[PDB]
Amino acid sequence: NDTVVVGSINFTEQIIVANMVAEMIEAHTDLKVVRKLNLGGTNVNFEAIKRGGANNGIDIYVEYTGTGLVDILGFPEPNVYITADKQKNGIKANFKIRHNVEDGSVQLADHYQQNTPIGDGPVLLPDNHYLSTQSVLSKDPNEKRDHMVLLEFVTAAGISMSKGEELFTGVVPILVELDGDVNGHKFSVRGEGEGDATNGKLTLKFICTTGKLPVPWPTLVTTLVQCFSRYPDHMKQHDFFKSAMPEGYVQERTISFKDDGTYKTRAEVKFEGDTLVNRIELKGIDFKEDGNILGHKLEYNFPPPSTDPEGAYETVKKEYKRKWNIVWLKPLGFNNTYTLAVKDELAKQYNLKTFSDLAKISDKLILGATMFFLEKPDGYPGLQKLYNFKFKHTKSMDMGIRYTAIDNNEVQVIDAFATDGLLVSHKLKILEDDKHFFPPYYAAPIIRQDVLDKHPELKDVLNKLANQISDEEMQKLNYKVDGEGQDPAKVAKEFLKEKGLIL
């Protein structure tokens, strides 16, 4: 009609910029603006925008480039996090796979993995690290059988060779055999190819030898030889998979498909002759017969993405358009990433500036960080290992305890959002993520295409905010609300008036 709904989550910075977006539409169009709060994280704005203003959703909100990448869109193949499992003399891994659905939604596959050597001898038990994988799925146009051509590059990261590894120094032939059952539908897959572990490359073709595969091929990818991962030179003592060779290892997985069935898989990976063989039993239970898996509603290809500002922005732009029909406008100008802050007296005293400069100082206490930040694998833990932070202690303070401790110098470093209003009232300086651990979180306005169709002027109106809010500005405005207790709606107005952007 004549009404547009602007959403915000229950977060000070979001409330300010969403008030700004609403004021701009009111100042530069004749539309009615409905300002709608959502409770949750930035995924609730996304479900609200998919509903739309017509259905007690929203039409517009401010999203962060990195947020659209990591959740909402998601890495299709994230890092497979590996940890030692003393009790099985092996390793454990947990990770999520994201399968695109033909209707635009995403189908999550939670993988829980365990590996145990088949032989009795010593094997490598690694420190925590991860595997980075990119799979490309293709078709052989001449192949009549239900099949899948697969290319995989796998590298270990997150941190002179076992006898087992000596068996991988060239190209190794691979045989994969799977016997399967899903809700009673029995099937078999056979695959052959080769693996080149020095390059972390797998090349394989899989065929269903019992007819039409009853599940989509992308759900079998993780099931159908992590011993071909490329472990860099400085990490070769963390490669359990090759060190268990030639006797090999048993791999077991539970794969739960969100709101659908689960896969139970047991595999033996070992040398036979000079072939690396992966023999799998898979059982699938409790799948909905009209669901994504048994209904064959998943897209065949994984996507590829980029973690630099422009590539991330362009990626969320393309995919949000292709899936769900949603338009990204221009960035407001600030990057609200997660960061570390110290007292500004401490920063000039020791001439700090960057995370590396901080890491060089081990006589510091980082117990002022939130538990979530200390517990997330890509929170402090990953950061600690990329920068080798040598912090004295690491207690986990939440509420506002963190801020009051750095105030009294019980703690010297805290975690914070880069635009956190409280950084100014406590006189702390943020530090530069020089090694770019975190993805960029540039805020930009987001709008449904059909609202844009109905009201084309909204594109120009919302782009009048492009690069109109620097990091320092968003900090000062967050401060006025969280520090001084001003109404966020009045804070947004005053800023826009002072810029001549509204009446």
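Numbers for residues come from their place in the sequence shown, where the first is 1.
A.B. asks: Note how many residues of the deposited chain are left out of the model between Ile159 and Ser160; the options are none, 1 to 3, 4 to 9, and 10 or more.
C.D. replies: Unresolved stretch here: 10 or more residues.
A.B. asks: Mind giving me a quick count class for deposited residues absent from the model between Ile255 and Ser256? Options are none, 1 to 3, 4 to 9, 10 or more.
C.D. replies: Gap size class: none, per the record.
A.B. asks: Which of the two stretches, 212-220 or 397-405, shows the higher mean Cα temperature factor in the record?
C.D. replies: Looking at the record's C-alpha B-factors, the answer is 397-405.
A.B. asks: Would you determine, from the values in the PDB entry, which of 63-71 and 451-459 has the greater average C-alpha temperature factor?
C.D. replies: It is 63-71 that shows the higher mean C-alpha B-factor.
A.B. asks: Which of these, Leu422, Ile82, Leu329, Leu175, has its C-alpha atom at the highest B-factor, as the entry lists it?
C.D. replies: Reading the PDB entry, the winner on C-alpha B-factor is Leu422.
A.B. asks: Go through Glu13, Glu484, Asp487, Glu23 one by one and give the residue whose Cα B-factor in the PDB entry is largest.
C.D. replies: Within the set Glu13, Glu484, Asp487, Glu23, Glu484 shows the top C-alpha B-factor.
A.B. asks: What third of the chain, by the recorded C-alpha B-factor, contains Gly261?
C.D. replies: Middle third by C-alpha B-factor.
A.B. asks: Give the position of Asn183 by CA B-factor within its chain, expressed as the lowest, middle or highest third.
C.D. replies: Middle third - that is where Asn183 ends up once the chain's C-alpha B-factors are sorted.
A.B. asks: Lowest, middle or highest third: which one holds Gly57 when the chain's residues are ordered by CA B-factor from the entry?
C.D. replies: Its C-alpha B-factor, which the entry lists for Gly57, ranks in the middle third among residues of this chain.
A.B. asks: Looking at the C-alpha B-factor of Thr42, is it in the lowest, middle or highest third of its chain?
C.D. replies: CA B-factor rank for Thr42: highest third.
A.B. asks: Would you please rank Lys318 by its C-alpha temperature factor against the other modelled residues of its chain and give the third it falls in: lowest, middle or highest?
C.D. replies: Top third by C-alpha B-factor.
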